[PDB]
>>> print(open('model-v1.pdb').read())   # PDB, C-alpha atoms and all ligand atoms
ATOM      1  CA  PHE A   1       6.338 -18.318  -7.829  1.00  0.00           C
ATOM      2  CA  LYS A   2       8.056 -16.517  -4.949  1.00  0.00           C
ATOM      3  CA  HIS A   3       9.858 -13.179  -4.909  1.00  0.00           C
ATOM      4  CA  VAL A   4      12.357 -12.714  -2.100  1.00  0.00           C
ATOM      5  CA  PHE A   5      13.583  -9.242  -1.197  1.00  0.00           C
ATOM      6  CA  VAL A   6      16.694  -8.833   0.971  1.00  0.00           C
ATOM      7  CA  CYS A   7      17.490  -5.402   2.373  1.00  0.00           C
ATOM      8  CA  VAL A   8      21.222  -4.726   1.654  1.00  0.00           C
ATOM      9  CA  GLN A   9      21.118  -1.134   2.800  1.00  0.00           C
ATOM     10  CA  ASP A  10      24.310   0.183   4.320  1.00  0.00           C
ATOM     11  CA  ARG A  11      24.585   3.291   6.492  1.00  0.00           C
ATOM     12  CA  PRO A  12      27.489   5.077   8.163  1.00  0.00           C
ATOM     13  CA  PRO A  13      28.413   4.064  11.807  1.00  0.00           C
ATOM     14  CA  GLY A  14      26.505   6.666  13.682  1.00  0.00           C
ATOM     15  CA  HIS A  15      23.075   5.869  12.341  1.00  0.00           C
ATOM     16  CA  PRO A  16      21.135   4.882  15.497  1.00  0.00           C
ATOM     17  CA  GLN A  17      19.223   1.927  14.012  1.00  0.00           C
ATOM     18  CA  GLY A  18      22.251   0.505  12.186  1.00  0.00           C
ATOM     19  CA  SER A  19      21.598  -1.114   8.809  1.00  0.00           C
ATOM     20  CA  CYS A  20      20.989  -4.567   7.452  1.00  0.00           C
ATOM     21  CA  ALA A  21      24.330  -4.592   5.637  1.00  0.00           C
ATOM     22  CA  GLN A  22      26.104  -3.920   8.952  1.00  0.00           C
ATOM     23  CA  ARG A  23      24.201  -6.857  10.410  1.00  0.00           C
ATOM     24  CA  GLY A  24      25.416  -9.231   7.655  1.00  0.00           C
ATOM     25  CA  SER A  25      22.706  -8.931   5.086  1.00  0.00           C
ATOM     26  CA  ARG A  26      24.924  -8.840   1.976  1.00  0.00           C
ATOM     27  CA  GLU A  27      25.973 -12.386   2.936  1.00  0.00           C
ATOM     28  CA  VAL A  28      22.317 -13.372   3.384  1.00  0.00           C
ATOM     29  CA  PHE A  29      21.526 -12.035  -0.092  1.00  0.00           C
ATOM     30  CA  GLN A  30      24.492 -13.843  -1.681  1.00  0.00           C
ATOM     31  CA  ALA A  31      23.417 -17.094   0.051  1.00  0.00           C
ATOM     32  CA  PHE A  32      19.927 -16.832  -1.355  1.00  0.00           C
ATOM     33  CA  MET A  33      21.286 -16.093  -4.846  1.00  0.00           C
ATOM     34  CA  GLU A  34      23.607 -19.151  -4.722  1.00  0.00           C
ATOM     35  CA  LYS A  35      20.841 -21.488  -3.544  1.00  0.00           C
ATOM     36  CA  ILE A  36      18.299 -20.390  -6.091  1.00  0.00           C
ATOM     37  CA  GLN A  37      20.747 -20.525  -9.071  1.00  0.00           C
ATOM     38  CA  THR A  38      21.861 -24.053  -8.210  1.00  0.00           C
ATOM     39  CA  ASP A  39      18.467 -25.567  -7.431  1.00  0.00           C
ATOM     40  CA  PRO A  40      16.596 -26.816 -10.476  1.00  0.00           C
ATOM     41  CA  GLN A  41      13.134 -26.494  -8.938  1.00  0.00           C
ATOM     42  CA  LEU A  42      13.728 -23.024  -7.555  1.00  0.00           C
ATOM     43  CA  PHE A  43      15.619 -21.490 -10.420  1.00  0.00           C
ATOM     44  CA  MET A  44      12.531 -21.289 -12.566  1.00  0.00           C
ATOM     45  CA  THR A  45      10.053 -20.094  -9.899  1.00  0.00           C
ATOM     46  CA  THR A  46      11.998 -17.782  -7.579  1.00  0.00           C
ATOM     47  CA  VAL A  47      13.479 -14.325  -7.853  1.00  0.00           C
ATOM     48  CA  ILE A  48      15.932 -12.809  -5.328  1.00  0.00           C
ATOM     49  CA  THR A  49      16.199  -9.063  -5.264  1.00  0.00           C
ATOM     50  CA  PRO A  50      18.446  -6.829  -3.174  1.00  0.00           C
ATOM     51  CA  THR A  51      16.778  -3.675  -1.826  1.00  0.00           C
ATOM     52  CA  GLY A  52      17.225  -0.495   0.118  1.00  0.00           C
ATOM     53  CA  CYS A  53      15.835  -0.071   3.645  1.00  0.00           C
ATOM     54  CA  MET A  54      12.352  -1.561   4.248  1.00  0.00           C
ATOM     55  CA  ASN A  55      11.848   0.263   7.510  1.00  0.00           C
ATOM     56  CA  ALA A  56      12.391  -2.536  10.039  1.00  0.00           C
ATOM     57  CA  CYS A  57      15.995  -1.884  10.736  1.00  0.00           C
ATOM     58  CA  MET A  58      16.259  -2.928  14.328  1.00  0.00           C
ATOM     59  CA  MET A  59      15.092  -6.382  13.173  1.00  0.00           C
ATOM     60  CA  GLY A  60      17.678  -6.773  10.410  1.00  0.00           C
ATOM     61  CA  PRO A  61      18.659  -8.447   8.313  1.00  0.00           C
ATOM     62  CA  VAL A  62      15.129  -8.084   6.947  1.00  0.00           C
ATOM     63  CA  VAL A  63      13.921 -10.447   4.179  1.00  0.00           C
ATOM     64  CA  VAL A  64      10.375 -10.281   2.757  1.00  0.00           C
ATOM     65  CA  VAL A  65       8.788 -13.028   0.630  1.00  0.00           C
ATOM     66  CA  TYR A  66       6.017 -12.100  -1.787  1.00  0.00           C
ATOM     67  CA  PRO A  67       3.269 -12.529  -2.711  1.00  0.00           C
ATOM     68  CA  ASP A  68       2.882 -14.336   0.642  1.00  0.00           C
ATOM     69  CA  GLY A  69       3.800 -11.118   2.493  1.00  0.00           C
ATOM     70  CA  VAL A  70       5.988 -12.941   5.005  1.00  0.00           C
ATOM     71  CA  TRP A  71       8.573 -10.690   6.687  1.00  0.00           C
ATOM     72  CA  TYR A  72      11.581 -12.217   8.358  1.00  0.00           C
ATOM     73  CA  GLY A  73      13.899 -10.512  10.782  1.00  0.00           C
ATOM     74  CA  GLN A  74      17.333 -11.264  12.201  1.00  0.00           C
ATOM     75  CA  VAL A  75      18.176 -13.573   9.348  1.00  0.00           C
ATOM     76  CA  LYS A  76      21.715 -15.022   9.470  1.00  0.00           C
ATOM     77  CA  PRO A  77      23.366 -16.526   6.369  1.00  0.00           C
ATOM     78  CA  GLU A  78      23.117 -19.917   8.152  1.00  0.00           C
ATOM     79  CA  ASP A  79      19.348 -19.552   8.205  1.00  0.00           C
ATOM     80  CA  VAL A  80      19.039 -19.182   4.442  1.00  0.00           C
ATOM     81  CA  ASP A  81      19.053 -22.920   3.824  1.00  0.00           C
ATOM     82  CA  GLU A  82      16.142 -23.399   6.198  1.00  0.00           C
ATOM     83  CA  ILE A  83      14.083 -20.666   4.596  1.00  0.00           C
ATOM     84  CA  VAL A  84      14.797 -22.065   1.147  1.00  0.00           C
ATOM     85  CA  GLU A  85      13.883 -25.611   2.144  1.00  0.00           C
ATOM     86  CA  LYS A  86      10.970 -25.100   4.405  1.00  0.00           C
ATOM     87  CA  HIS A  87       9.358 -22.001   2.930  1.00  0.00           C
ATOM     88  CA  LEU A  88      10.486 -21.394  -0.656  1.00  0.00           C
ATOM     89  CA  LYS A  89      10.200 -25.057  -1.574  1.00  0.00           C
ATOM     90  CA  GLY A  90       8.039 -26.341   1.310  1.00  0.00           C
ATOM     91  CA  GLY A  91       5.431 -23.629   1.587  1.00  0.00           C
ATOM     92  CA  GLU A  92       5.861 -23.249   5.365  1.00  0.00           C
ATOM     93  CA  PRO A  93       7.362 -19.970   6.696  1.00  0.00           C
ATOM     94  CA  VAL A  94      10.149 -20.405   9.223  1.00  0.00           C
ATOM     95  CA  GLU A  95       8.177 -19.370  12.248  1.00  0.00           C
ATOM     96  CA  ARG A  96      11.134 -18.659  14.502  1.00  0.00           C
ATOM     97  CA  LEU A  97      12.280 -15.785  12.241  1.00  0.00           C
ATOM     98  CA  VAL A  98       8.936 -14.295  11.169  1.00  0.00           C
ATOM     99  CA  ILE A  99       8.286 -10.770  12.300  1.00  0.00           C
ATOM    100  CA  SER A 100       5.089 -10.271  10.221  1.00  0.00           C
ATOM    101  CA  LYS A 101       2.706 -11.875   7.755  1.00  0.00           C
TER     102      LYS A 101
ATOM    103  CA  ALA B   1      -7.542   0.209   2.557  1.00  0.00           C
ATOM    104  CA  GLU B   2      -5.161  -2.691   2.935  1.00  0.00           C
ATOM    105  CA  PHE B   3      -1.366  -2.619   2.300  1.00  0.00           C
ATOM    106  CA  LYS B   4       0.613  -2.321  -0.937  1.00  0.00           C
ATOM    107  CA  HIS B   5       4.343  -2.560  -1.319  1.00  0.00           C
ATOM    108  CA  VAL B   6       5.863  -0.889  -4.374  1.00  0.00           C
ATOM    109  CA  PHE B   7       9.308  -1.835  -5.558  1.00  0.00           C
ATOM    110  CA  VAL B   8      11.144   0.425  -8.005  1.00  0.00           C
ATOM    111  CA  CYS B   9      14.290  -0.874  -9.654  1.00  0.00           C
ATOM    112  CA  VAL B  10      16.898   1.957  -9.320  1.00  0.00           C
ATOM    113  CA  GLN B  11      19.856  -0.144 -10.571  1.00  0.00           C
ATOM    114  CA  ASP B  12      22.414   1.768 -12.609  1.00  0.00           C
ATOM    115  CA  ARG B  13      25.095   0.240 -14.848  1.00  0.00           C
ATOM    116  CA  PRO B  14      28.153   1.568 -16.677  1.00  0.00           C
ATOM    117  CA  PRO B  15      27.328   2.703 -20.318  1.00  0.00           C
ATOM    118  CA  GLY B  16      28.468  -0.496 -22.009  1.00  0.00           C
ATOM    119  CA  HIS B  17      25.942  -2.924 -20.536  1.00  0.00           C
ATOM    120  CA  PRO B  18      23.806  -4.258 -23.443  1.00  0.00           C
ATOM    121  CA  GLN B  19      20.485  -4.162 -21.618  1.00  0.00           C
ATOM    122  CA  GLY B  20      21.153  -0.708 -20.061  1.00  0.00           C
ATOM    123  CA  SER B  21      19.574  -0.171 -16.631  1.00  0.00           C
ATOM    124  CA  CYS B  22      16.467   1.267 -15.090  1.00  0.00           C
ATOM    125  CA  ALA B  23      18.339   4.205 -13.694  1.00  0.00           C
ATOM    126  CA  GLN B  24      19.590   5.025 -17.243  1.00  0.00           C
ATOM    127  CA  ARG B  25      15.959   4.957 -18.268  1.00  0.00           C
ATOM    128  CA  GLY B  26      14.963   7.465 -15.610  1.00  0.00           C
ATOM    129  CA  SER B  27      13.921   5.215 -12.736  1.00  0.00           C
ATOM    130  CA  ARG B  28      15.354   7.192  -9.911  1.00  0.00           C
ATOM    131  CA  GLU B  29      13.065  10.048 -10.880  1.00  0.00           C
ATOM    132  CA  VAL B  30      10.191   7.485 -10.956  1.00  0.00           C
ATOM    133  CA  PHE B  31      11.165   6.418  -7.377  1.00  0.00           C
ATOM    134  CA  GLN B  32      11.421  10.063  -6.266  1.00  0.00           C
ATOM    135  CA  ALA B  33       7.934  10.741  -7.794  1.00  0.00           C
ATOM    136  CA  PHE B  34       6.435   7.826  -5.867  1.00  0.00           C
ATOM    137  CA  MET B  35       8.023   9.089  -2.679  1.00  0.00           C
ATOM    138  CA  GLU B  36       6.730  12.685  -3.242  1.00  0.00           C
ATOM    139  CA  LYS B  37       3.179  11.295  -3.759  1.00  0.00           C
ATOM    140  CA  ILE B  38       3.135   8.531  -1.022  1.00  0.00           C
ATOM    141  CA  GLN B  39       3.744  11.389   1.282  1.00  0.00           C
ATOM    142  CA  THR B  40       1.956  14.637   0.591  1.00  0.00           C
ATOM    143  CA  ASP B  41      -0.927  12.158   0.409  1.00  0.00           C
ATOM    144  CA  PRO B  42      -2.254  10.809   3.775  1.00  0.00           C
ATOM    145  CA  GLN B  43      -4.438   8.014   2.516  1.00  0.00           C
ATOM    146  CA  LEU B  44      -1.369   6.556   0.636  1.00  0.00           C
ATOM    147  CA  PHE B  45       1.320   7.130   3.282  1.00  0.00           C
ATOM    148  CA  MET B  46      -0.515   5.100   5.774  1.00  0.00           C
ATOM    149  CA  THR B  47      -1.069   2.110   3.576  1.00  0.00           C
ATOM    150  CA  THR B  48       1.874   1.958   1.144  1.00  0.00           C
ATOM    151  CA  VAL B  49       5.617   1.343   1.294  1.00  0.00           C
ATOM    152  CA  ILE B  50       7.913   2.336  -1.587  1.00  0.00           C
ATOM    153  CA  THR B  51      11.220   0.489  -1.717  1.00  0.00           C
ATOM    154  CA  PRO B  52      14.113   0.977  -4.154  1.00  0.00           C
ATOM    155  CA  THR B  53      15.769  -2.156  -5.486  1.00  0.00           C
ATOM    156  CA  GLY B  54      18.494  -3.629  -7.616  1.00  0.00           C
ATOM    157  CA  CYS B  55      17.777  -5.235 -11.009  1.00  0.00           C
ATOM    158  CA  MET B  56      14.619  -7.328 -11.226  1.00  0.00           C
ATOM    159  CA  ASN B  57      15.728  -8.933 -14.516  1.00  0.00           C
ATOM    160  CA  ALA B  58      13.439  -7.268 -17.009  1.00  0.00           C
ATOM    161  CA  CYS B  59      15.842  -4.573 -18.018  1.00  0.00           C
ATOM    162  CA  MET B  60      14.811  -4.072 -21.548  1.00  0.00           C
ATOM    163  CA  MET B  61      11.329  -3.264 -20.386  1.00  0.00           C
ATOM    164  CA  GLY B  62      12.366  -0.761 -17.696  1.00  0.00           C
ATOM    165  CA  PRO B  63      11.896   1.247 -15.652  1.00  0.00           C
ATOM    166  CA  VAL B  64      10.448  -1.792 -13.849  1.00  0.00           C
ATOM    167  CA  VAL B  65       8.017  -1.263 -10.892  1.00  0.00           C
ATOM    168  CA  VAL B  66       6.368  -4.206  -9.141  1.00  0.00           C
ATOM    169  CA  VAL B  67       3.419  -3.935  -6.754  1.00  0.00           C
ATOM    170  CA  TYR B  68       2.844  -6.603  -4.125  1.00  0.00           C
ATOM    171  CA  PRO B  69       1.023  -8.525  -2.842  1.00  0.00           C
ATOM    172  CA  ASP B  70      -0.935  -7.949  -6.134  1.00  0.00           C
ATOM    173  CA  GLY B  71       1.982  -9.177  -8.223  1.00  0.00           C
ATOM    174  CA  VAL B  72       1.576  -6.493 -10.915  1.00  0.00           C
ATOM    175  CA  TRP B  73       4.748  -5.765 -12.859  1.00  0.00           C
ATOM    176  CA  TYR B  74       4.933  -2.470 -14.763  1.00  0.00           C
ATOM    177  CA  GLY B  75       7.416  -1.572 -17.449  1.00  0.00           C
ATOM    178  CA  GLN B  76       8.503   1.581 -19.234  1.00  0.00           C
ATOM    179  CA  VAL B  77       7.284   3.618 -16.333  1.00  0.00           C
ATOM    180  CA  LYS B  78       7.902   7.395 -16.665  1.00  0.00           C
ATOM    181  CA  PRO B  79       7.804   9.843 -13.811  1.00  0.00           C
ATOM    182  CA  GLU B  80       4.713  11.286 -15.495  1.00  0.00           C
ATOM    183  CA  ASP B  81       2.994   7.913 -15.117  1.00  0.00           C
ATOM    184  CA  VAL B  82       3.328   7.829 -11.371  1.00  0.00           C
ATOM    185  CA  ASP B  83       0.253   9.891 -10.565  1.00  0.00           C
ATOM    186  CA  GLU B  84      -1.927   7.537 -12.604  1.00  0.00           C
ATOM    187  CA  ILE B  85      -0.505   4.434 -10.915  1.00  0.00           C
ATOM    188  CA  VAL B  86      -0.942   6.070  -7.475  1.00  0.00           C
ATOM    189  CA  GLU B  87      -4.535   7.141  -8.175  1.00  0.00           C
ATOM    190  CA  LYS B  88      -5.859   4.188 -10.090  1.00  0.00           C
ATOM    191  CA  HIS B  89      -4.005   1.317  -8.629  1.00  0.00           C
ATOM    192  CA  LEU B  90      -2.515   2.223  -5.235  1.00  0.00           C
ATOM    193  CA  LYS B  91      -5.655   4.103  -4.106  1.00  0.00           C
ATOM    194  CA  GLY B  92      -8.222   2.695  -6.506  1.00  0.00           C
ATOM    195  CA  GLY B  93      -7.304  -0.957  -6.711  1.00  0.00           C
ATOM    196  CA  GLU B  94      -7.109  -1.004 -10.540  1.00  0.00           C
ATOM    197  CA  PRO B  95      -3.779  -1.657 -12.249  1.00  0.00           C
ATOM    198  CA  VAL B  96      -2.782   0.689 -15.062  1.00  0.00           C
ATOM    199  CA  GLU B  97      -3.292  -1.709 -17.907  1.00  0.00           C
ATOM    200  CA  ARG B  98      -1.235   0.163 -20.466  1.00  0.00           C
ATOM    201  CA  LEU B  99       1.973  -0.269 -18.502  1.00  0.00           C
ATOM    202  CA  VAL B 100       1.556  -3.832 -17.276  1.00  0.00           C
ATOM    203  CA  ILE B 101       4.131  -6.344 -18.377  1.00  0.00           C
ATOM    204  CA  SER B 102       3.026  -9.164 -16.076  1.00  0.00           C
ATOM    205  CA  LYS B 103       0.412 -10.040 -13.444  1.00  0.00           C
TER     206      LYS B 103
HETATM  207  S1  LIG C 201      18.446  -1.015   6.759  1.00  0.00           S
HETATM  208 FE1  LIG C 201      17.352  -2.872   6.222  1.00  0.00          FE
HETATM  209  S2  LIG C 201      15.281  -2.557   6.864  1.00  0.00           S
HETATM  210 FE2  LIG C 201      16.305  -0.586   7.249  1.00  0.00          FE
HETATM  211  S1  LIG C 202      18.162  -2.709 -14.254  1.00  0.00           S
HETATM  212 FE1  LIG C 202      16.033  -2.582 -13.582  1.00  0.00          FE
HETATM  213  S2  LIG C 202      15.172  -4.561 -14.063  1.00  0.00           S
HETATM  214 FE2  LIG C 202      17.343  -4.750 -14.622  1.00  0.00          FE
HETATM  215 ZN    ZN C 203      27.352  -5.488 -17.943  1.00  0.00          ZN
HETATM  216 ZN    ZN C 204      23.851   5.931 -14.975  1.00  0.00          ZN
HETATM  217 ZN    ZN C 205       1.405  14.998  -9.946  1.00  0.00          ZN
HETATM  218 ZN    ZN C 206      -7.435  -4.533 -22.226  1.00  0.00          ZN
END
>>> encode(input="model-v1.pdb", output="structure tokens")
Amino acid sequence: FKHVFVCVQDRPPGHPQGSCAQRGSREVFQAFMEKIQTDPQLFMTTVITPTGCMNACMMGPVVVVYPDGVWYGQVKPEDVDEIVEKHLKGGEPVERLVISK
Amino acid sequence: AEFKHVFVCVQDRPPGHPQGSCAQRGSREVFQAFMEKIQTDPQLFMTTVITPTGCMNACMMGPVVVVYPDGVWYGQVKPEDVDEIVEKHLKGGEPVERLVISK
């Protein structure tokens, strides 16, 4: 079972650290939702949840996978397929995008 | 201690939604209570993150709070229940059995 949390926080223009929504995170969340709902093996063992800020803004979009405790930063919508394949199904975090475990 | 990450569903929905929402069931005050505690309390602030979320799909048992990496899901959480969760589980390591809906 894996629980993926995608920060979809938005903030007005002048916020110094920006926000994950401004960096494209609402498209990352939608991509995860589409993949999980259309994949038989993931649909019954994975939950995707949109969240407010998780305090790692400069590294957004931020995605955290529990219970593993893997934090990903700078996730682009194009990277969602790799995370789903290699980590959510494969059990191997996408090293290139990990910012913490 | 270690590190705990608390997620509080703060999703709100228009009045007609069959399953209601956690915000309709008082979850934003539960989130606010966690925030007030996690920081007026040093031991907690340093080791805990409280994050508000959208629906976690267990609406009829809300307000829904999930603590990771433990994987403890709580339901029907009231603001008044926050101190017990903070003391027993977030500081003490022991989930509040009466509110657990899943581990
Ligand atoms: S806005 Fe997403 S981690 Fe802060
Ligand atoms: S509205 Fe909170 S779990 Fe659905
Ligand atoms: Zn509805
Ligand atoms: Zn409302
Ligand atoms: Zn109190
Ligand atoms: Zn018992």
>>> interface_residues(input="model-v1.pdb", of="chain B", to="chain A", cutoff="6 Å", atoms="all atoms listed in the file", output="number ranges by chain")
B: 52-54, 69
>>> resolve_selection(input="model-v1.pdb", expression="the PyMOL selection byres (((not hetatm)) within 8 of (chain C and resi 204))", output="number ranges by chain")
B: 12-15, 21, 23-24
>>> residues_near_ligand(input="model-v1.pdb", ligand="ligand ZN 203 (chain C)", cutoff="7 Å", atoms="all atoms listed in the file", output="PyMOL selection string")
chain B and resi 13+16-18
>>> closest_atom_pairs(input="model-v1.pdb", of="chain B", to="ligand ZN 206 (chain C)", cutoff="12 Å", atoms="all atoms listed in the file", output="JSON lines")
{"residue": "B:95", "atom": "CA", "partner": "C:ZN206", "partner_atom": "ZN", "distance": 11.0}
{"residue": "B:96", "atom": "CA", "partner": "C:ZN206", "partner_atom": "ZN", "distance": 10.0}
{"residue": "B:97", "atom": "CA", "partner": "C:ZN206", "partner_atom": "ZN", "distance": 6.6}
{"residue": "B:98", "atom": "CA", "partner": "C:ZN206", "partner_atom": "ZN", "distance": 8.0}
{"residue": "B:99", "atom": "CA", "partner": "C:ZN206", "partner_atom": "ZN", "distance": 11.0}
{"residue": "B:100", "atom": "CA", "partner": "C:ZN206", "partner_atom": "ZN", "distance": 10.3}
>>> residues_near_point(input="model-v1.pdb", point="(10.2, 11.3, -4.2)", cutoff="12 Å", atoms="all atoms listed in the file", output="JSON list (two decimals) with C-alpha atoms, in the frame of the given file")
[["chain", "number", "residue", "atom", "x", "y", "z"],
["B", 8, "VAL", "CA", 11.14, 0.42, -8.01],
["B", 27, "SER", "CA", 13.92, 5.22, -12.74],
["B", 28, "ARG", "CA", 15.35, 7.19, -9.91],
["B", 29, "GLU", "CA", 13.06, 10.05, -10.88],
["B", 30, "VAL", "CA", 10.19, 7.48, -10.96],
["B", 31, "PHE", "CA", 11.16, 6.42, -7.38],
["B", 32, "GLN", "CA", 11.42, 10.06, -6.27],
["B", 33, "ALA", "CA", 7.93, 10.74, -7.79],
["B", 34, "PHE", "CA", 6.44, 7.83, -5.87],
["B", 35, "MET", "CA", 8.02, 9.09, -2.68],
["B", 36, "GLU", "CA", 6.73, 12.68, -3.24],
["B", 37, "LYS", "CA", 3.18, 11.30, -3.76],
["B", 38, "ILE", "CA", 3.14, 8.53, -1.02],
["B", 39, "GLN", "CA", 3.74, 11.39, 1.28],
["B", 40, "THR", "CA", 1.96, 14.64, 0.59],
["B", 50, "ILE", "CA", 7.91, 2.34, -1.59],
["B", 51, "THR", "CA", 11.22, 0.49, -1.72],
["B", 52, "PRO", "CA", 14.11, 0.98, -4.15],
["B", 79, "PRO", "CA", 7.80, 9.84, -13.81],
["B", 82, "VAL", "CA", 3.33, 7.83, -11.37],
["B", 83, "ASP", "CA", 0.25, 9.89, -10.56]]
>>> atom_distance(input="model-v1.pdb", atom1="atom CA of residue 89 of chain A", atom2="atom CA of residue 30 of chain A")
18.2 Å
>>> resolve_selection(input="model-v1.pdb", expression="the PyMOL selection byres (((chain A and resi 72) around 10) and not hetatm)", output="ChimeraX atom specification")
/A:6,56,59-65,69-71,73-75,83,93-101
>>> axis_aligned_box(input="model-v1.pdb", around="ligand LIG 202 (chain C)", padding_each_side="4 Å", output="AutoDock Vina command-line options")
--center_x 16.7 --center_y -3.7 --center_z -14.1 --size_x 11.0 --size_y 10.2 --size_z 9.0
>>> closest_residue(input="model-v1.pdb", among="A:76, A:23, A:35, A:86", to="residue 10 of chain A", atoms="all atoms listed in the file")
A:23
>>> resolve_selection(input="model-v1.pdb", expression="the PyMOL selection byres (((chain B and resi 57-66) around 7) and not hetatm)", output="VMD selection string")
chain B and resid 6 to 9 19 to 22 25 to 27 55 to 56 67 to 68 71 to 77
>>> atom_distance(input="model-v1.pdb", atom1="atom CA of residue 44 of chain A", atom2="atom CA of residue 4 of chain A")
13.5 Å
>>> residues_around(input="model-v1.pdb", residues="residue 48 of chain B", least_positions_apart="6", cutoff="7 Å", atoms="all atoms listed in the file", output="short mmCIF file (atom, residue, chain, number, x, y, z; two decimals) with C-alpha atoms, in the coordinates of the input")
data_model
loop_
_atom_site.label_atom_id
_atom_site.label_comp_id
_atom_site.auth_asym_id
_atom_site.auth_seq_id
_atom_site.Cartn_x
_atom_site.Cartn_y
_atom_site.Cartn_z
CA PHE B 3 -1.37 -2.62 2.30
CA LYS B 4 0.61 -2.32 -0.94
CA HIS B 5 4.34 -2.56 -1.32
#
>>> residues_around(input="model-v1.pdb", residues="residue 77 of chain A", least_positions_apart="4", cutoff="10 Å", atoms="only C-alpha atoms", output="PyMOL selection string")
chain A and resi 24-32+61+81-82
>>> closest_residue(input="model-v1.pdb", among="B:88, B:80, B:102, B:94", to="ligand ZN 205 (chain C)", atoms="only C-alpha atoms and all ligand atoms")
B:80
>>> atom_distance(input="model-v1.pdb", atom1="atom CA of residue 90 of chain A", atom2="atom CA of residue 43 of chain A")
14.8 Å
>>> closest_residue(input="model-v1.pdb", among="B:89, B:70, B:41, B:47", to="residue 103 of chain B", atoms="all atoms listed in the file")
B:70
>>> closest_residue(input="model-v1.pdb", among="A:79, A:12, A:18, A:46", to="ligand LIG 201 (chain C)", atoms="all atoms listed in the file")
A:18
>>> closest_residue(input="model-v1.pdb", among="B:81, B:10, B:43, B:1", to="ligand LIG 202 (chain C)", atoms="all atoms listed in the file")
B:10
>>> closest_residue(input="model-v1.pdb", among="B:78, B:42, B:2, B:49", to="ligand LIG 201 (chain C)", atoms="all atoms listed in the file")
B:49
